[PDB]
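Novice: This is the structure I have questions about; it appears just below.
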Amino acid sequence: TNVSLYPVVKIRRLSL
Amino acid sequence: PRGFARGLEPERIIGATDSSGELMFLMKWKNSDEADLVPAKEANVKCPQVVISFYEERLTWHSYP
Amino acid sequence: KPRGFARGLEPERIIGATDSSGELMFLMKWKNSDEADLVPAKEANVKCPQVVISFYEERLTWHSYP
């Protein structure tokens with residue numbers, strides 16, 4: 445399977 | 110006094126939220142255990158490497174397909 | 109031969125990133141040039157912190173848990 449990768453930044457949404 | 114107005118040195122960012130409508134960081138300050146929200150705009154300027162360290166640690170890659 | 113910051117050009121924007129080399133590298137576009145080169149994040153982080161921050165800020169994806 446030919447694949448292409450892309451950068452993501454994963455953040456937990458906090459409260460307040 | 111809250112956030113940067115408390116006059117403490119940022120130690121590390123321990124989280125974030127966009128619910129206020131603007132990005133904010135939950136900041137841990139040196140020698141304190143009460144963290145509080147600061148705007149991202151202020152953090153980017155006042156402690157860019159601390160912001161960068163936070164993002165860098167959360168960077169990953171997704172794939173297509 | 110000169111590539112990256114060695115070209116002596118000003119950073120315009122970061123357009124990609126990869127850590128395949130074993131260290132984080134950013135694909136950097138330069139002002140007044142159509143060329144882009146991989147540069148070490150270690151170098152970009154200090155030489156253009158705001159350019160690095162804008163790359164990340166644009167790529168946030170959120171999740172949540174109690």
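Protein chains in written order, with UniProt numbering: chain G, 445 to 460; chain X, 110 to 174; chain V, 109 to 174.
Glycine is no exception: its CB is placed at the ideal position from the N, C-alpha and C atoms.
(1) Which of helix, strand or coil does DSSP assign to residue 125 (chain X)?
(2) Return helix, strand or coil for residue 144 (chain V), following the three-state DSSP convention.
(3) In the DSSP assignment, what residue or residues form a beta bridge with residue 455 (chain G)?
(4) Find the residues of chain X that neighbour residue 157 (chain V), judging by a C-beta separation of less than 9 angstroms, and give them in chain order.
(5) For residue 172 (chain V), would you say it is in contact with chain G, using Cβ-to-Cβ distances shorter than 7 angstroms as the test?
(6) Does chain G have any CB closer than 7 angstroms to the CB of residue 117 (chain X)?
(7) Kindly list, in the order they appear in chain G, the residues whose Cβ is closer than 7 angstroms to that of residue 112 (chain X).
(8) For residue 453 (chain G), go through chain V and note every residue whose CB falls closer than 8 angstroms to its CB, in chain order.
(9) According to DSSP, simplified to helix, strand and coil, what is residue 120 (chain X)?
Specialist: The structure says:
(1) Shown here, residue 125 (chain X) sits in a strand according to DSSP, grouped into three states.
(2) strand
(3) V:170
(4) 153, 157, 158, 160, 161
(5) Between residue 172 (chain V) and chain G, the shortest Cβ-Cβ separation is below 7 angstroms.
(6) Answer no: the Cβ-Cβ gap between residue 117 (chain X) and chain G never drops below 7 angstroms.
(7) Think of a sphere of 7 angstroms around the beta carbon of residue 112 (chain X): no beta carbon from chain G falls inside it, the nearest being about 12 angstroms out.
(8) 164, 167, 168, 169
(9) strand
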